[PDB]
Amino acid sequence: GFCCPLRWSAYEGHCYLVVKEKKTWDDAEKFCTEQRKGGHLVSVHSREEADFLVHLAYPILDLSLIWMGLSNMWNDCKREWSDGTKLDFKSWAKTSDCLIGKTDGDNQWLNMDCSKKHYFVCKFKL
């Protein structure tokens, strides 16, 4: 649209909504898509956006954790043996990793089990 809707805050052409309901990462993401067309879990593209998000969330949630829109942070990279041999055989542990942000300081990133229930922030582009 042209303006952020009533309960949402504006930052650089996007709208943001802190949600004080505890949900899994999946459910939180889906909830965000239902608030507004093009709504998702917050994404963060600079220290200045992180600062904005903290400034917005801290008075609402105080010191807390919010789901943010990244998952599988350790899946897509190359994995290499120190002895320089080729990775021909795999024996992975079962993981579940989703991005959590702290609501203080500079929005420190934490790994978290995706089925853990947390507060979250939604975002969409105007």
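Residue numbers here begin at 1 and follow the sequence given.
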Stretch with the higher entry mean CA B-factor, where the candidates are 13-21 and 103-111: 103-111
Greater mean Cα temperature factor according to the PDB record, 57-65 or 87-95: 87-95
Criterion, highest CA B-factor; candidates, 42, 70, 50, 77: 77
Residue 119 by Cα B-factor - lowest, middle or highest third of the modelled chain: lowest
Residue 46, C-alpha B-factor rank within chain (lowest, middle or highest third): lowest
